[PDB]
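Source file: my_file-v3.csv. Holds: CSV, N, CA and C atoms.
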chain,number,residue,atom,x,y,z
S,1,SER,N,-87.7,17.5,178.3
S,1,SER,CA,-86.8,18.2,179.3
S,1,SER,C,-86.5,17.2,180.5
S,2,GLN,N,-87.3,16.2,180.6
S,2,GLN,CA,-87.2,15.2,181.7
S,2,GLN,C,-85.8,14.8,181.9
S,3,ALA,N,-85.2,14.2,180.8
S,3,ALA,CA,-83.8,13.7,180.9
S,3,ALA,C,-82.8,14.8,181.4
S,4,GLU,N,-83.0,16.0,180.8
S,4,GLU,CA,-82.1,17.1,181.1
S,4,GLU,C,-82.2,17.3,182.6
S,5,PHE,N,-83.4,17.0,183.1
S,5,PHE,CA,-83.7,17.2,184.6
S,5,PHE,C,-83.0,16.0,185.2
S,6,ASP,N,-83.3,14.8,184.8
S,6,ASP,CA,-82.6,13.6,185.3
S,6,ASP,C,-81.1,13.9,185.3
S,7,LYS,N,-80.7,14.7,184.4
S,7,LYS,CA,-79.2,14.9,184.3
S,7,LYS,C,-78.8,16.0,185.3
S,8,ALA,N,-79.6,17.1,185.4
S,8,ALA,CA,-79.3,18.2,186.3
S,8,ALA,C,-79.2,17.6,187.7
S,9,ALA,N,-80.2,16.8,188.0
S,9,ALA,CA,-80.2,16.1,189.3
S,9,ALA,C,-78.9,15.4,189.5
S,10,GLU,N,-78.8,14.3,188.8
S,10,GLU,CA,-77.5,13.5,188.8
S,10,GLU,C,-76.3,14.5,188.8
S,11,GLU,N,-76.4,15.5,187.9
S,11,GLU,CA,-75.3,16.4,187.9
S,11,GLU,C,-75.0,17.1,189.2
S,12,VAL,N,-76.0,17.8,189.7
S,12,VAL,CA,-75.9,18.5,191.0
S,12,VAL,C,-75.2,17.7,192.1
S,13,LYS,N,-75.4,16.4,192.1
S,13,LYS,CA,-74.8,15.5,193.1
S,13,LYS,C,-73.3,15.8,193.2
S,14,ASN,N,-72.7,16.4,192.2
S,14,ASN,CA,-71.2,16.6,192.2
S,14,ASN,C,-70.9,18.0,192.5
S,15,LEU,N,-71.7,18.8,193.1
S,15,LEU,CA,-71.4,20.2,193.3
S,15,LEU,C,-70.2,20.2,194.4
S,16,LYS,N,-69.0,20.4,193.9
S,16,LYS,CA,-67.8,20.4,194.7
S,16,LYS,C,-67.8,21.0,196.1
S,17,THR,N,-68.7,21.9,196.4
S,17,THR,CA,-68.8,22.5,197.7
S,17,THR,C,-70.2,22.8,198.2
S,18,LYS,N,-70.4,22.7,199.5
S,18,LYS,CA,-71.6,23.0,200.2
S,18,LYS,C,-72.1,24.4,199.8
S,19,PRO,N,-73.3,24.5,199.2
S,19,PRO,CA,-73.7,25.8,198.8
S,19,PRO,C,-74.3,26.7,199.9
S,20,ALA,N,-75.0,27.8,199.6
S,20,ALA,CA,-75.6,28.7,200.5
S,20,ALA,C,-77.0,28.1,200.8
S,21,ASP,N,-77.4,28.4,202.0
S,21,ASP,CA,-78.8,27.9,202.4
S,21,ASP,C,-79.8,28.1,201.3
S,22,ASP,N,-80.2,29.4,201.1
S,22,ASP,CA,-81.1,29.7,200.1
S,22,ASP,C,-81.0,28.8,198.9
S,23,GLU,N,-79.7,28.5,198.5
S,23,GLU,CA,-79.5,27.7,197.3
S,23,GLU,C,-80.0,26.3,197.5
S,24,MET,N,-79.6,25.6,198.6
S,24,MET,CA,-80.1,24.3,198.9
S,24,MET,C,-81.6,24.3,198.9
S,25,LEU,N,-82.2,25.1,199.7
S,25,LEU,CA,-83.7,25.2,199.8
S,25,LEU,C,-84.3,25.3,198.4
S,26,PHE,N,-83.8,26.1,197.5
S,26,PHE,CA,-84.3,26.2,196.2
S,26,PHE,C,-84.2,24.9,195.4
S,27,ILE,N,-83.0,24.3,195.4
S,27,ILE,CA,-82.9,23.0,194.7
S,27,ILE,C,-84.0,22.1,195.1
S,28,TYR,N,-84.0,21.8,196.4
S,28,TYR,CA,-85.0,21.0,197.0
S,28,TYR,C,-86.3,21.5,196.5
S,29,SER,N,-86.7,22.7,196.9
S,29,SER,CA,-88.0,23.3,196.6
S,29,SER,C,-88.6,23.0,195.2
S,30,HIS,N,-87.8,23.3,194.2
S,30,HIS,CA,-88.2,23.1,192.8
S,30,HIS,C,-88.2,21.6,192.5
S,31,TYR,N,-87.2,20.8,192.9
S,31,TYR,CA,-87.2,19.4,192.7
S,31,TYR,C,-88.5,18.8,193.1
S,32,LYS,N,-88.8,18.9,194.4
S,32,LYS,CA,-90.1,18.4,194.9
S,32,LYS,C,-91.3,18.8,194.1
S,33,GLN,N,-91.2,20.0,193.5
S,33,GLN,CA,-92.2,20.6,192.7
S,33,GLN,C,-92.2,20.0,191.3
S,34,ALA,N,-91.0,19.6,190.8
S,34,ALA,CA,-90.7,19.1,189.5
S,34,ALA,C,-91.1,17.6,189.4
S,35,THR,N,-91.0,16.9,190.6
S,35,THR,CA,-91.3,15.4,190.6
S,35,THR,C,-92.5,15.0,191.4
S,36,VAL,N,-92.8,15.7,192.4
S,36,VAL,CA,-93.9,15.3,193.3
S,36,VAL,C,-95.2,16.1,192.8
S,37,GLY,N,-95.0,17.4,192.8
S,37,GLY,CA,-96.1,18.3,192.4
S,37,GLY,C,-96.4,19.3,193.6
S,38,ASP,N,-97.5,19.9,193.5
S,38,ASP,CA,-97.8,20.8,194.6
S,38,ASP,C,-97.9,20.0,195.9
S,39,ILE,N,-97.2,20.6,196.9
S,39,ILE,CA,-97.0,20.0,198.2
S,39,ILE,C,-98.3,19.2,198.7
S,40,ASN,N,-98.0,18.1,199.3
S,40,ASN,CA,-99.1,17.2,199.9
S,40,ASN,C,-98.6,16.4,201.1
S,41,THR,N,-98.0,17.2,202.0
S,41,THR,CA,-97.5,16.6,203.2
S,41,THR,C,-97.7,17.5,204.4
S,42,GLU,N,-97.7,16.9,205.6
S,42,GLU,CA,-97.9,17.8,206.8
S,42,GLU,C,-96.6,18.4,207.3
S,43,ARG,N,-96.7,19.7,207.6
S,43,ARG,CA,-95.5,20.5,208.1
S,43,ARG,C,-94.9,19.8,209.3
S,44,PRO,N,-93.5,19.8,209.3
S,44,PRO,CA,-92.8,19.2,210.4
S,44,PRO,C,-93.2,19.9,211.7
S,45,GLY,N,-92.7,19.4,212.9
S,45,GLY,CA,-93.0,20.0,214.1
S,45,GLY,C,-91.8,20.0,215.0
S,46,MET,N,-92.0,20.3,216.3
S,46,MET,CA,-90.9,20.3,217.3
S,46,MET,C,-89.8,21.3,216.9
S,47,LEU,N,-88.6,20.9,217.1
S,47,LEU,CA,-87.4,21.7,216.8
S,47,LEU,C,-86.8,21.2,215.5
S,48,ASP,N,-87.7,20.9,214.5
S,48,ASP,CA,-87.2,20.4,213.2
S,48,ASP,C,-87.3,21.6,212.2
S,49,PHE,N,-86.5,22.6,212.5
S,49,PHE,CA,-86.4,23.8,211.7
S,49,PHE,C,-85.8,23.5,210.3
S,50,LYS,N,-84.9,22.6,210.2
S,50,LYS,CA,-84.3,22.3,208.9
S,50,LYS,C,-85.4,21.8,208.1
S,51,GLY,N,-86.2,20.9,208.7
S,51,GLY,CA,-87.3,20.3,208.0
S,51,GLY,C,-88.2,21.5,207.6
S,52,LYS,N,-88.8,22.1,208.6
S,52,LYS,CA,-89.7,23.2,208.5
S,52,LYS,C,-89.2,24.2,207.4
S,53,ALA,N,-87.9,24.4,207.4
S,53,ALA,CA,-87.3,25.3,206.4
S,53,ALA,C,-87.7,24.8,205.0
S,54,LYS,N,-87.2,23.6,204.7
S,54,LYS,CA,-87.5,22.9,203.4
S,54,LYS,C,-89.0,22.8,203.1
S,55,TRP,N,-89.8,22.6,204.1
S,55,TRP,CA,-91.2,22.5,203.9
S,55,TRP,C,-91.8,23.7,203.3
S,56,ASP,N,-91.6,24.8,204.1
S,56,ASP,CA,-92.1,26.1,203.6
S,56,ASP,C,-91.7,26.4,202.2
S,57,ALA,N,-90.4,26.2,201.9
S,57,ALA,CA,-89.9,26.5,200.6
S,57,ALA,C,-90.7,25.8,199.5
S,58,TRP,N,-90.9,24.5,199.7
S,58,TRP,CA,-91.7,23.8,198.7
S,58,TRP,C,-93.1,24.4,198.8
S,59,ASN,N,-93.5,24.7,200.0
S,59,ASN,CA,-94.8,25.3,200.1
S,59,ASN,C,-94.9,26.6,199.3
S,60,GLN,N,-93.8,27.3,199.3
S,60,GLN,CA,-93.7,28.6,198.5
S,60,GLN,C,-93.7,28.4,197.0
S,61,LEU,N,-94.0,27.1,196.6
S,61,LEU,CA,-94.1,26.9,195.2
S,61,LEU,C,-95.4,26.3,194.7
S,62,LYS,N,-96.4,26.5,195.5
S,62,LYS,CA,-97.7,25.9,195.1
S,62,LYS,C,-98.2,26.5,193.7
S,63,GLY,N,-98.8,25.7,192.9
S,63,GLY,CA,-99.3,26.1,191.6
S,63,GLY,C,-98.3,25.9,190.5
S,64,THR,N,-97.0,26.2,190.7
S,64,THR,CA,-96.0,26.0,189.7
S,64,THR,C,-96.2,24.7,188.9
S,65,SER,N,-95.7,24.7,187.6
S,65,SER,CA,-95.8,23.5,186.8
S,65,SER,C,-94.5,22.7,186.8
S,66,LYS,N,-94.7,21.4,186.6
S,66,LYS,CA,-93.5,20.5,186.6
S,66,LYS,C,-92.6,21.0,185.5
S,67,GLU,N,-93.2,21.6,184.5
S,67,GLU,CA,-92.4,22.2,183.4
S,67,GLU,C,-91.6,23.3,183.9
S,68,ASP,N,-92.2,24.3,184.6
S,68,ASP,CA,-91.5,25.4,185.1
S,68,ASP,C,-90.5,24.8,186.1
S,69,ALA,N,-91.1,24.1,187.1
S,69,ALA,CA,-90.3,23.4,188.2
S,69,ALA,C,-89.0,22.9,187.6
S,70,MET,N,-89.1,21.9,186.8
S,70,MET,CA,-87.9,21.3,186.2
S,70,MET,C,-87.0,22.4,185.5
S,71,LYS,N,-87.6,23.2,184.7
S,71,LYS,CA,-86.9,24.2,183.9
S,71,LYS,C,-86.0,25.0,184.9
S,72,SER,N,-86.6,25.8,185.8
S,72,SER,CA,-85.9,26.6,186.7
S,72,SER,C,-84.8,25.8,187.4
S,73,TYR,N,-85.2,24.6,187.9
S,73,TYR,CA,-84.4,23.6,188.5
S,73,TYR,C,-83.0,23.5,187.8
S,74,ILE,N,-83.1,23.0,186.6
S,74,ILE,CA,-81.9,22.8,185.8
S,74,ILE,C,-81.1,24.1,185.6
S,75,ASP,N,-81.8,25.1,185.3
S,75,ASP,CA,-81.1,26.4,185.1
S,75,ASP,C,-80.2,26.7,186.3
S,76,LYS,N,-80.8,26.7,187.5
S,76,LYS,CA,-80.1,26.9,188.7
S,76,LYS,C,-79.0,26.0,188.9
S,77,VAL,N,-79.2,24.7,188.6
S,77,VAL,CA,-78.2,23.7,188.7
S,77,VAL,C,-77.0,24.3,187.9
S,78,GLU,N,-77.3,24.6,186.6
S,78,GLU,CA,-76.3,25.2,185.7
S,78,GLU,C,-75.6,26.3,186.4
S,79,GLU,N,-76.5,27.2,187.0
S,79,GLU,CA,-75.9,28.4,187.7
S,79,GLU,C,-74.9,27.9,188.7
S,80,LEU,N,-75.1,26.9,189.4
S,80,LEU,CA,-74.2,26.4,190.4
S,80,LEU,C,-73.0,25.6,189.8
S,81,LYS,N,-73.2,25.1,188.6
S,81,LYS,CA,-72.2,24.3,188.0
S,81,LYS,C,-71.0,25.3,187.7
S,82,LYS,N,-71.3,26.5,187.4
S,82,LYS,CA,-70.3,27.6,187.2
S,82,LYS,C,-69.8,28.0,188.5
S,83,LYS,N,-70.7,28.4,189.4
S,83,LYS,CA,-70.4,28.9,190.7
S,83,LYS,C,-69.5,28.1,191.7
S,84,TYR,N,-69.6,26.8,191.6
S,84,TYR,CA,-68.8,25.9,192.5
S,84,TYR,C,-67.9,24.9,191.7
S,85,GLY,N,-68.3,24.5,190.6
S,85,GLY,CA,-67.5,23.5,189.8
S,85,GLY,C,-67.8,22.0,190.0
S,86,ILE,N,-67.6,21.2,188.9
S,86,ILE,CA,-67.8,19.8,189.0
S,86,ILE,C,-66.6,19.0,188.8

Translate the structure described by the file into structure tokens.
Amino acid sequence: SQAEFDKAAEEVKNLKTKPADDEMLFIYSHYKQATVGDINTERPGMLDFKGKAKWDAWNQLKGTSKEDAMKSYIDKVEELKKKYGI
């Protein structure tokens, strides 16, 4: 499924329009989970809410498998492929 992932990623890059927050967060969230693994970084600070946003979201995926990670990832990508167009 790796390649399909490598494709969904590459694919996503062409989402014709800026998506909804939750959407972005999720893409990021699962990606990080699909390639890095369970979070292993210190939470942002100051007024870096965009960061903190993304951080928590990945945080919200502890335990998940790279398999699930990637899977869900690509599915969603597909979901957006329809939703915005390439």

Practice item. Please indicate the distance in Å from atom N of residue 15 of chain S to atom CA of residue 86 of chain S, rounded to one decimal place. Key: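 Going from atom N of residue 15 of chain S over to atom CA of residue 86 of chain S covers 5.7 Å.
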
**Study point:** Gap from atom N of residue 37 of chain S to atom N of residue 67 of chain S - Å, one decimal
**Key:**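 Atom-to-atom, atom N of residue 37 of chain S and atom N of residue 67 of chain S are spaced 9.5 Å apart.
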
Exercise for review: Counting all atoms listed in the file, figure out which residue out of S:84, S:74, S:65, S:34 gets nearest to residue 9 of chain S.
Suggested key: S:74

Exercise for review: To one decimal in Å, tell me the separation between atom C of residue 13 of chain S and atom CA of residue 51 of chain S.
Suggested key: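 Separation between atom C of residue 13 of chain S and atom CA of residue 51 of chain S: 20.9 Å.
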
Point to revise | Residue set, chain S restricted to helix (DSSP H, G or I), as a ChimeraX atom specification | key: /S:2-12,21-35,49-59,66-84

Check your understanding: Neighbours of residue 32 of chain S within 7 Å (only N, CA and C atoms; same-chain residues fewer than 6 positions away dropped), as a VMD selection string?
Key -> chain S and resid 38 to 39 58

Residues from last step as file, N, CA and C atoms, as a compact mmCIF listing (two decimals), in the coordinates of the input:
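Output below, filename out_22.txt:
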# COMPACT_ATOMS: atom_id res chain seq x y z
N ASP S 38 -97.50 19.90 193.50
CA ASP S 38 -97.80 20.80 194.60
C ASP S 38 -97.90 20.00 195.90
N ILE S 39 -97.20 20.60 196.90
CA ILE S 39 -97.00 20.00 198.20
C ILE S 39 -98.30 19.20 198.70
N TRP S 58 -90.90 24.50 199.70
CA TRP S 58 -91.70 23.80 198.70
C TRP S 58 -93.10 24.40 198.80

Compile the contact shell of residue 66 of chain S as a PDB file with N, CA and C atoms, in the coordinates of the input: residues with an atom at most 6 Å away, counting all atoms listed in the file, same-chain residues fewer than 2 positions apart removed.
ATOM      1  N   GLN S  33     -91.200  20.000 193.500  1.00  0.00           N
ATOM      2  CA  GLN S  33     -92.200  20.600 192.700  1.00  0.00           C
ATOM      3  C   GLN S  33     -92.200  20.000 191.300  1.00  0.00           C
ATOM      4  N   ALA S  34     -91.000  19.600 190.800  1.00  0.00           N
ATOM      5  CA  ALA S  34     -90.700  19.100 189.500  1.00  0.00           C
ATOM      6  C   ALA S  34     -91.100  17.600 189.400  1.00  0.00           C
ATOM      7  N   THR S  35     -91.000  16.900 190.600  1.00  0.00           N
ATOM      8  CA  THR S  35     -91.300  15.400 190.600  1.00  0.00           C
ATOM      9  C   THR S  35     -92.500  15.000 191.400  1.00  0.00           C
ATOM     10  N   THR S  64     -97.000  26.200 190.700  1.00  0.00           N
ATOM     11  CA  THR S  64     -96.000  26.000 189.700  1.00  0.00           C
ATOM     12  C   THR S  64     -96.200  24.700 188.900  1.00  0.00           C
ATOM     13  N   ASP S  68     -92.200  24.300 184.600  1.00  0.00           N
ATOM     14  CA  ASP S  68     -91.500  25.400 185.100  1.00  0.00           C
ATOM     15  C   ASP S  68     -90.500  24.800 186.100  1.00  0.00           C
ATOM     16  N   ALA S  69     -91.100  24.100 187.100  1.00  0.00           N
ATOM     17  CA  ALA S  69     -90.300  23.400 188.200  1.00  0.00           C
ATOM     18  C   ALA S  69     -89.000  22.900 187.600  1.00  0.00           C
ATOM     19  N   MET S  70     -89.100  21.900 186.800  1.00  0.00           N
ATOM     20  CA  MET S  70     -87.900  21.300 186.200  1.00  0.00           C
ATOM     21  C   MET S  70     -87.000  22.400 185.500  1.00  0.00           C
ATOM     22  N   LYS S  71     -87.600  23.200 184.700  1.00  0.00           N
ATOM     23  CA  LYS S  71     -86.900  24.200 183.900  1.00  0.00           C
ATOM     24  C   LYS S  71     -86.000  25.000 184.900  1.00  0.00           C
TER      25      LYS S  71
END

Check your understanding: With all atoms listed in the file as the atoms that count, which of S:81, S:76, S:54, S:7 lies nearest to residue 29 of chain S?
Key ->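 Among the listed residues, the smallest separation from residue 29 of chain S belongs to S:54.
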